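A short reminder: the numbers here are calculations on the coordinates, not readings from a lab. No Cβ is skipped: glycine too gets one built from the backbone with ideal geometry, and neighbour counts run over all protein chains shown.
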Amino acid sequence: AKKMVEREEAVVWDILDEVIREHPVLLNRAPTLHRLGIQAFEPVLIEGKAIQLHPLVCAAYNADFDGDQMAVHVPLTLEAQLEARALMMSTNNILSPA
Amino acid sequence: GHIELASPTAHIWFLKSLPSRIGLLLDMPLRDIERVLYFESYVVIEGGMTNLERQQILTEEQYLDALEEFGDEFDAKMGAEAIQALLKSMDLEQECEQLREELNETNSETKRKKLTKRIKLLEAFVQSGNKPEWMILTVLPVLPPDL
Amino acid sequence: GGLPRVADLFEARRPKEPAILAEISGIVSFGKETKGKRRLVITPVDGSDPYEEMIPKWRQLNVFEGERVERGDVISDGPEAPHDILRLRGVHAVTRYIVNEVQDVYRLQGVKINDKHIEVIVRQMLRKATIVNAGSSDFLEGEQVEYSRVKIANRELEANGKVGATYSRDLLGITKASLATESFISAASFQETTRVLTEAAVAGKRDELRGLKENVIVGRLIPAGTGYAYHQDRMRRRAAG
Amino acid sequence: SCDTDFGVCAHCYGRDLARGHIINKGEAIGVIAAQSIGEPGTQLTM
Amino acid sequence: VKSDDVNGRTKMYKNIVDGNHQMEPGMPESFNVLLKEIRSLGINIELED
Amino acid sequence: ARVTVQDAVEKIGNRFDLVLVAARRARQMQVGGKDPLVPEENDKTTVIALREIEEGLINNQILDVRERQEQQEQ
Amino acid sequence: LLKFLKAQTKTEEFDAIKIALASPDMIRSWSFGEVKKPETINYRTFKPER
DNA sequence: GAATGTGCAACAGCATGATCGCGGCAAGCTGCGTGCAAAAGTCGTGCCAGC
RNA sequence: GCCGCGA
Ligand SMILES: [Mg+2]
Ligand SMILES: [Zn+2]
């Protein structure tokens with residue numbers, strides 16, 4: 001499995017798509033000021049190297065597309081996945097807690 | 001692991017701080033204790049027969065004068081060993097009772113804060129199971145190598 | 001002005017010119033043996049126990065007559081410290097003053113912040129009450145208001161209700177009320193660690209890992225959110241032995 | 001004035017500003033309040 | 001389980017390869033290091049039961 | 001797939017206990033010895049448990065009585 | 001004298017971290033031995049000291 | 001009318017001053033010596049066993 | 001550790 005992942009065959013990409021399907025991943029920007037600076041998202045695989053961020057959440061992130069970078073963390077636990085889906089999702093926090 | 005110092009040394013943690021534990025526990029100022037800790041002045045202990053006090057801060061010249069006059073009955077050491085001896089010789093309970101008696105007998109806003117701080121530290125020491133002689137250490141622990 | 005004042009308000013720093021206040025009955029007395037030390041020693045009889053105050057005469061006195069000056073009235077004009085408001089006007093007044101004053105900074109710059117968040121932090125500044133009575137193993141010391149309230153309730157429940165000791169509530173800054181927590185693992189990870197460790201070492205105290213920072217340092221579930229359910233079940237097991 | 005010991009009552013604290021419902025037990029309100037107050041300041045004109 | 005659990009990391013990796021998604025947490029090595037540093041001074045710190 | 005979990009929130013209202021209930025149900029359906037009570041749409045066990053909670057046939061009480069029933073059976 | 005686990009059993013249940021002064025006896029109890037030489041590693045054998 | 005403490009103001013020392021990333025250098029190399037027993041290891045030498 | 005740089 002390790003060798004065939006290193007070789008990156010097509011079925012490896014298919015299995016990666018299968019795994020990604022509904023596993024939330026949480027993105028955060030560097031100066032996390034309030035709790036809305038780290039939010040969970042459903043990932044969609046893109047053929048590139050830059051994270052594509054939904055514009056409506058940018059005001060929450062204080063993020064603009066002039067060279068900003070963001071970090072990605074995988075909640076690799078069932079409880080962590082539920083917490084990301086039920087507490088961290090962008091659709092969950094619409095009204096700011098201020 | 002550990003290393004034996006073969007001579008008591010003073011913990012820099014407690015001696016050098018604005019609310020110095022040993023400093024306000026011995027009712028002596030930080031200048032005098034930091035002064036005896038580097039052998040530049042002597043502290044005599046006991047000496048009830050002689051006129052020397054329990055916490056005298058006599059210097060070297062006074063030490064030779066006492067040796068010429070008092071001779072025996074004068075017990076003074078220069079290093080942290082004297083501090084350890086006078087820390088061990090203290091009776092915590094009777095000192096706390098005397099401090100409480102003085103505090104309730106005489107009321108003064110200036111000495112009240114000092115008396116309350118001293119009695120609080122003494123009560124903490126007696127109730128916590130600690131011993132003041134442990135403040136200055138004779139054996140020094142060392143960190144594990146992999147750290 | 002500006003906003004190095006949100007820090008100043010939360011630090012509970014006394015201003016350069018405090019405005020002193022009075023007691024229940026501020027009868028006019030002008031001076032009484034003022035002499036060299038200060039001047040205009042006001043001696044309001046107030047029926048009994050007159051409250052002697054000293055004024056350095058560099059500040060004018062506003063209320064010349066008696067006028068039945070009530071407690072908390074401004075005897076001399078000036079910016080009042082939040083400490084005096086707590087002592088004389090009450091717990092609610094110091095929250096109203098802090099909230100209104102800190103909202104002035106935010107509202108001027110067009111920032112919307114709910115009043116609850118400011119009041120929540122003020123609650124954390126209103127601990128460590130001082131006892132002015134005795135009988136219940138408390139006497140002229142700084143003690144947690146939660147502990148004092150719990151002990152009083154137990155004493156009041158029993159027949160000996162007079163054992164309950166009256167207390168005086170204090171107001172501390174955020175930098176000072178943080179270091180005054182009863183747990184040493186926290187408040188040593190925030191400010192001067194040398195000072196906190198020495199006091200914790202001599203006292204022989206315990207942390208008990210009740211807050212968020214302690215459990216984060218150790219790595220257990222924090223007692224909030226999803227971890228609140230786990231921490232509650234553990235507490236019953238300890239209580240039941 | 002929650003009068004409760006080691007925490008705040010869910011009624012003395014109003015509805016959480018994130019959602020229309022009342023705040024539920026186990027919500028770390030102190031961190032939220034501190035973050036809410038301290039998120040500005042970077043834009044306060046000193 | 002992500003940073004400082006020497007056995008927790010391996011247990012998590014084994015569970016994920018198996019497909020369990022179970023936590024099985026432990027004791028971070030950073031706090032043990034901190035305890036060793038504090039004990040290396042004249043201060044005694046310990047964990048009660 | 002469930003974009004929002006408001007229905008699960010309103011089925012049993014804490015936004016915190018539902019995480020625990022769904023984690024328990026997902027463990028039951030993932031480690032084995034359990035089958036979903038709602039048609040499986042090739043999605044992961046997390047959203048299957050969440051949809052079971054939302055449709056009202058999974059909660060704390062019935063999970064406990066199921067634990068008791070399978071305990072008494074063996 | 002086999003089938004023994006120490007890493008797993010090293011995770012013992014605990015609560016209420018306690019801090020106090022360290023007595024010399026307790027310090028010696030922590031210590032597994034005594035260090036007497038300032039040197040650390042000898043270059044003649046690339047091995048630690050005695 | 002001279003004497004004795006309490007309040008007090010200037011003063012010296014301690015503690016703190018946002019977060020997360022990226023790329024390059026320059027180092028940082030640390031301390032005997034001693035003569036002898038006592039031991040261990042080594043080298044020149046002779047041995048038997050296999051082809 | 002310095003030096004420069006990005007939000
Ligand atoms: Mg930008
Ligand atoms: Zn309440």
**Request:** Provide the per-residue ³J(HN,Hα) series for segment C:27-39, in order, calculated from phi with Karplus coefficients 6.51, -1.76, 1.60 and θ = phi - 60°, each as a whole number of Hz, with x at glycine and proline positions.
**Result:** 5, 6, 9, 6, x, 8, 6, 5, 6, x, 6, 6, 5
**Asked** For the protein assembly as shown, what is the largest minus smallest coordinate of the Cα atoms on each principal axis, given in angstrom and ordered from greatest to least?
**Response** 100, 88, 62
**Complete:** Note to self, the protein assembly as shown gives a 222 nm [θ] from helices alone (DSSP H runs n ≥ 4, -39500 (n - 2.57) apiece, / all residues, nearest 500) of -11500 deg cm²/dmol
**Fill in**
Under the 7 Å Cα-to-Cβ spin-label approximation, B:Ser7 and B:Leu92 lie apart by a distance in nanometres of 3.0 nm
**Request:** Could you line up B:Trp13, C:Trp58 from fewest to most neighbouring Cβ atoms inside 10 Å?
**Result:** C:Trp58, B:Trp13
**Asked** How do C:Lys116, B:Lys114 rank when sorted from fewest to most other Cβ atoms within 10 Å of their own Cβ?
**Response** B:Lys114, C:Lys116
**Prompt:** What is the Cα coordinate range of chain C on the first, second and third principal axes, sorted by size from largest, in whole angstrom?
**Reply:** 66, 56, 34
**Message:** So, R0 is 41 Å and r is the distance between the beta-carbons of D:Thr45 and C:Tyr51; what FRET efficiency does that work out to, to 0.05?
**Reply:** 0.45
**Asked** What is the spin-label model distance, in nm, from B:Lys113 to C:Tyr230 if the labels are put 7 Å beyond Cα along the C-beta direction?
**Response** 4.6 nm
**Request:** Report the GluC sites (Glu not before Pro) located in segment B:1-48 that are in a DSSP loop and have at most 16 other Cβ atoms inside 10 Å of their Cβ, or state none.
**Result:** B:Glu40, B:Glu46
**Prompt:** What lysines could a cross-link reach from C:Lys32, if we take a straight Cα to Cα line under 16 Å and drop same-chain neighbours fewer than 8 places away?
**Reply:** C:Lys57
**Item:** Alpha-carbon centroids, segment B:97-112 and segment C:132-208: separation in whole Å
**Value:** 23 Å
**Request:** Sum up the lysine pairs in chain B that clear both bars: alpha-carbon distance under 16 Å and a spacing of 8 or more or different chains.
**Result:** 4
**Message:** Using only the alpha-carbon atoms, how far is helix A:10-20 inclined from the longest principal axis of chain A? Give it as 0 to 90 degrees, nearest 10.
**Reply:** 30 degrees
**Helix E:6-18 vs. chain E, principal-axis angle (Cα, 0 to 90°, nearest 10)** = 10 degrees
**Prompt:** Between their Cα atoms, which of A:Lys49/F:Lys34; C:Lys213/G:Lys37; D:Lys25/E:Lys2 are more than 31 Å away from each other?
**Reply:** A:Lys49/F:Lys34; C:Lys213/G:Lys37
**Message:** As an exercise, use a Förster radius of 51 Å and the Cβ-Cβ distance of C:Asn160 and G:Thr11 to find the FRET efficiency, rounded to the nearest 0.05.
**Reply:** 0.60
**Asked** Not counting the cut sites, what is the longest span of chain A without GluC sites (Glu not before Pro) that DSSP labels loop and that have at most 12 other Cβ atoms within 10 Å?
**Response** A:48-98
**Complete:** Proximal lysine pairs in segment C:91-210, meaning Cα under 24 Å and 8 or more positions apart or interchain, come to 9
**Item:** Charge dipole of the protein assembly as shown about the Cα centre (unit charges at C-beta), most positive-ward option of C:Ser189, A:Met88, C:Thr43
**Value:** A:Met88
**Prompt:** Ranked by Cβ crowding within 10 angstrom, fewest neighbours first, how are D:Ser1, G:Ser23 ordered?
**Reply:** D:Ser1, G:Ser23
**Complete:** Here FRET efficiency (C-beta to C-beta, E:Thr10 to A:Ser90, R₀ 25 Å, nearest 0.05) is 0.15
**4 °C / 1.567 mPa s Stokes-Einstein diffusion coefficient of segment C:130-206, Kirkwood radius on C-alpha pairs, µm²/s** = 92 µm²/s
**Message:** Could you work out how much longer the chain between B:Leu67 and B:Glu105 gets when fully extended? Use 0.36 nm per residue separation minus the Cα distance between them, nm to one decimal.
**Reply:** 9.7 nm
**Extension gain from B:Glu123 to B:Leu18, taking 0.36 nm per residue of separation minus the Cα-Cα distance** = 35.8 nm
**Asked** Going by alpha carbons, how many degrees (0 to 90, nearest 10) lie between the helix axis of C:91-108 and the longest principal axis of chain C?
**Response** 90 degrees
**Prompt:** Picking from A:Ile46, A:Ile20, A:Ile38, which is most flexible by a Gaussian network model of chain A using Cα springs under 10 Å?
**Reply:** A:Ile46
